[PDB]
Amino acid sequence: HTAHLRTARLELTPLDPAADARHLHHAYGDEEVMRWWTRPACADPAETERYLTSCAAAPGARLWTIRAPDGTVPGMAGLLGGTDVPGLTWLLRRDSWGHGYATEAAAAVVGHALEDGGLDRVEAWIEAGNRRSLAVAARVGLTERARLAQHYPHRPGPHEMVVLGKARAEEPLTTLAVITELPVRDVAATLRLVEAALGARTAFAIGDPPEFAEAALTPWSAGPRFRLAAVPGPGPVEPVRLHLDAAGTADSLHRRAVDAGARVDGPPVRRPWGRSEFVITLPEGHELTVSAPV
């Protein structure tokens, strides 16, 4: 990793923790600049230096330092290591905001990444409230692809992350969603359960009473959801297993399910892969496991 990236007004030089740390500290040391970061602002240029090293260390991590015409070092931008599908970062010091640097830099990294960089696509996870970042990602050409929940140990609670992406390959055929059907005796009754326990809603319902319905797990369209189909009187129903990635605290999600009178596992159990989970079992046997960051 020694690729030098040249833009209209910037020069991206391979990040060298040792010499750059001093400059990059007006960024990582700034609490206002680190508000959306995965960790608290570094206390001193030394801390910044070590962290920049672990970051640079990561497998496949190729970070660059940004140098402006005036000879300033606006900040850093590059690809994160340990993602499988190429990650993306950047951060500037306040004094260097609103100059279209981030967008110019990020664009250099992504264009390079897809160009003679050896990558078919790139990602960028940005928090929901990070307007600044989302805007840059948009300017660069990264479009939303999914959403996930995460939790930073320094933060009091979890948060939603936006997975934006861009590919040199415009995959034509692709799947937008997967709606799984659950055989149930009383669709209506189920719908009432699901709405209460999981905060779902009836996207639609055929039959009076319902014979086949769809429970939307979000108040929008084209979101997570599963269908319900009424089962033929007698005869057991082989359980269906669903994994629900939810937003919010497992405690709240659990409190809701219980208060909704649903058949729950027991309190959420902290799983090794860093996710708290608990299971909801429907009368028919079906098991809906609910997992959150915390």
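Sequential numbering from 1, following the sequence displayed.
Name the higher of the two by mean Cα B-factor in the PDB entry, 156 to 164 versus 130 to 138.
-> In the deposited entry, the stretch with the higher C-alpha B-factor mean is 156 to 164.
Mean CA B-factor: is it higher for 166 to 174 or for 220 to 228?
-> Per the PDB record, 166 to 174.
Whose C-alpha has the highest temperature factor in the PDB entry: 72, 202, 103, 143?
-> Largest recorded C-alpha B-factor: 72.
Please pick out which of 92, 85, 149, 182 has the largest Cα B-factor as recorded in the entry.
-> Of 92, 85, 149, 182, 85 has the highest C-alpha B-factor.
Residue 3: which third of its chain by C-alpha temperature factor?
-> Top third by C-alpha B-factor.
Divide the modelled residues of the chain into thirds by Cα B-factor and specify which third, lowest, middle or highest, holds residue 282.
-> Tercile = middle for this residue's CA B-factor.
Against its chain's modelled residues, does residue 256's Cα B factor rank lowest, middle or highest third?
-> Ranked within chain, residue 256 CA B lands in the lowest tercile.
Residue 243 by Cα B-factor - lowest, middle or highest third of the modelled chain = CA B-factor rank for residue 243: lowest third.
If you rank every modelled residue in this chain by C-alpha B factor, which third holds residue 209: lowest, middle or highest?
-> Highest third - that is where residue 209 ends up once the chain's C-alpha B-factors are sorted.
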